[PDB]
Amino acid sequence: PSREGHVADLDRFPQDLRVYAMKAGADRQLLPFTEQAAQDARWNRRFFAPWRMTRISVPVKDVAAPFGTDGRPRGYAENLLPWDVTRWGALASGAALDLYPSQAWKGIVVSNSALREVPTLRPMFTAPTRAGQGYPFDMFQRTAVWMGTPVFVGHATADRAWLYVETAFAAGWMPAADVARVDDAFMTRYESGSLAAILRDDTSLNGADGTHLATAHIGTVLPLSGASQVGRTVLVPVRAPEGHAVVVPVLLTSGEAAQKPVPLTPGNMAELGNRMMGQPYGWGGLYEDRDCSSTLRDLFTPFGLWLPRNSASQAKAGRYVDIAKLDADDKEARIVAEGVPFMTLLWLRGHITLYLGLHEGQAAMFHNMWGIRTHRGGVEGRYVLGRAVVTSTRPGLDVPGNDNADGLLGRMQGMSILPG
C-alpha cells in the first residue's frame, strides 16, 4: 500500500462498529434476558473460582518447564543477546521449585499486572533478527491480569518478591506487591451485591481524598456499592502495608461503569468495541495492550459472556461450524450463510476474530492482529497492522509477498457461534 500500517481494507471497511451494528439492528437483544442472566451468573462463578480452591492446580513439571531444557537459557534478553547463563540460573534457584507448592492462600490483584512464564519482568525473544520473533514478542508474557482479579497463591520465590498464582483463566508468576491477601470476611463481602463492569479503557480509580489507587480497563469488574443518575460507586481493592486487602469506595460516571451485565445488543457492543478501535497490539497483553483473544474476552465481559484466555479455547466456545476443508470462496460463503453477526468468532491457528456481518458484499470482522506473513527478496517479513481493526477475511490481499495465497480466510478452520 501507500503508508505504514495501512491496507486497502481500512478504507473499504469503516473502522467504526456502529455501522455494522445499524445493519444488525442496533437495539436488538442478541440473547433473551433470562439466558443472558444465566451467562452472567456463570461468568461470576468462573471469575471467583480461585477463592474456592484449596491448593494450586498446576503440576510442578509445568512450572519447571519454562526454566529450560536441563535449565539452560532460552533465547534473547533486553540487550538482544542470549540470556546470561548466571542470571538465568539465579532465576531458577530463587524459584525454590524443590518446595513447590509452598503456599496455599487467597488474594486479589490490586493493580494491573501480568502472569509471567518465569519470575522476571525482563523479556525473552526467540530470535531478534527474525520477523515475528523479536521485539515486541516477549515470550515470558503469558497474559496481562486486570486489577480486581481473584487469585489463588501456590508458591513464592525464596526472596518473597514473586508469587506463583492462579487466576480463573491462567496461572504464572506475578510480582508479590500486586497481590493483597484476602480473608473470609473480605471475600464474602466482596462477592455480595451487584458487580459493575468498567466501560472505558484507562479509567483512573481515585479515592474521595484524591489518592490515586489504580487504573481500570474494559474487562474489569468491581463490586458496585451505589448508583445515582450519573454516578456509580465501586469498591476498589487496595493492598495495605501489612499485605492484606482493604476496599476503598471510588466514584465513577455512568459513562465509565455500569451494573453488570450490560444488555447484549449490537449497539452496546459497538460502543465498547469502538473504544478499543486502533489500540496497539500487545502479545499477551504486554504494555496493558491487547492481543486477538484478550480483545474478545474483554469485549464480552461487560455482557457477562465468559470467554477463556487463548484463541484455540475461545474457538471451542458456543456452537462450532467446521469449515476447514472448504475452498476459500466456499468458506466465505458459509460464513455469510451461517454466521451470526456480532456473535460469531472466526478461528484460524494463532488468530481469532469477531464476525460483524456483511458489508458491501464481504464478510467483515473486528480483530486485533499483528502482521501479514510475507517473503520478499528471499527474506521473511511481516506487514504490520499491529492494532484493533475492521477488515475483510483477506486483509492482506494487496500486500506484496503475502505467504497465504488465499489470506487469513484460507487458514480458517471454524466458526464459533456464541453463546454456549
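Note that residue numbering follows the sequence shown and begins at 1.
Between 258-266 and 287-295, the higher mean Cα B-factor belongs to 258-266. If you average the C-alpha B-factors over 68-76 and over 104-112, the higher value belongs to 68-76. Residues shown: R309, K325, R200, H212. Highest C-alpha temperature factor in the entry: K325. Residues shown: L409, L397, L17, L10. Highest C-alpha temperature factor in the entry: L397. Ranked by C-alpha B-factor against the other modelled residues of its chain, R55 falls in the middle third. In the PDB entry, a CA B factor belonging to the middle third of its chain's modelled residues is recorded for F137. The PDB entry assigns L163 a C-alpha temperature factor belonging to the lowest third of its chain's modelled residues. Among all modelled residues in its chain, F366 ranks in the lowest third by Cα B-factor. Among the modelled residues of its chain, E191 has a C-alpha B-factor that falls in the highest third, as given in the PDB entry.
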